[PDB]
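Observations on the three-dimensional arrangement
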Amino acid sequence: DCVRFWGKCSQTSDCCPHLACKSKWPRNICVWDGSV
């Protein structure tokens with residue numbers, strides 16, 4: 001079950017490859033990768 005922006009994540013095998021496991025508040029999720 002992939003995960004989208006802001007989704008409880010640990011480090012590997014959590015949200016979809018289109019995001020990363022680093023939040024700016026929840027501190028425990030996967031945020032979409034938007035490296036402008």
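As recorded in the entry header, the structure was determined using solution NMR.

What follows concerns the packing of aromatic side chains. Tallying each qualifying case throughout the model produces one aromatic pair. Relative to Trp6, the ring of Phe5 lies with its centre 4.8 Å away and its plane at 15°, an arrangement referred to as stacked.

In this section: the environment of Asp14. Summarising the element assignment, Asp14 is placed in the segment before β1 (19-20). Discounting chain neighbours no more than four positions away, the residues touching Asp14 are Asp1, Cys2, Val3, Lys8 and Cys9. Here the side chain of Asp14 touches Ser10 through a polar contact of 2.9 Å, landing on its backbone nitrogen.

Moving on, we get to the state of the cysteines. Tallied over the full model, the rule gives three disulfides. Two residues share a disulfide in this structure: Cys2 and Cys16, whose sulfurs sit 2.0 Å from each other. Between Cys2 and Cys16, the S-S torsion sits near 105°, and that sign places the bridge as right-handed. Placement of the pair is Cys2 in the segment before β1 and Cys16 in the segment before β1, with a sequence separation of 14 residues. For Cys16, a relative accessible area of 26% corresponds to the partly exposed category. Two residues, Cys9 and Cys21, share a disulfide whose sulfurs are 2.0 Å apart. Negative torsions about the S-S bond denote left-handed disulfides, and the value of about -130° found for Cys9 with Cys21 makes this one left-handed. With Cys9 in the segment before β1 and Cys21 in the loop between β1 and β2 (31-32), this pair connects stretches of sequence that are 12 residues apart. In the chain, the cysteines engaged in disulfides, taken in order along the sequence, are linked 1-4, 2-5, 3-6.

Analysis parameters
- Residues numbered from 1 in each chain as written, not as in the entry; some residues may be left out.
- Heavy atoms only, no water.
- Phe/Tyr/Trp six-rings, centres within 6.5 Å; stacked < 30°, edge-to-face > 60°.
- Helix = DSSP H or I, 4+ residues; strand = E, 2+ residues; numbered from the N terminus.
- Contact = heavy atoms within 4.5 Å.
- Polar contact = N/O pair within 3.5 Å; in protein donor to acceptor, adjacent residues only side chain to side chain.
- Disulfide = S-S within 2.5 Å.
- Buried < 20%, exposed > 50% of the residue type's maximum accessible area, 1.4 Å probe, protein only.

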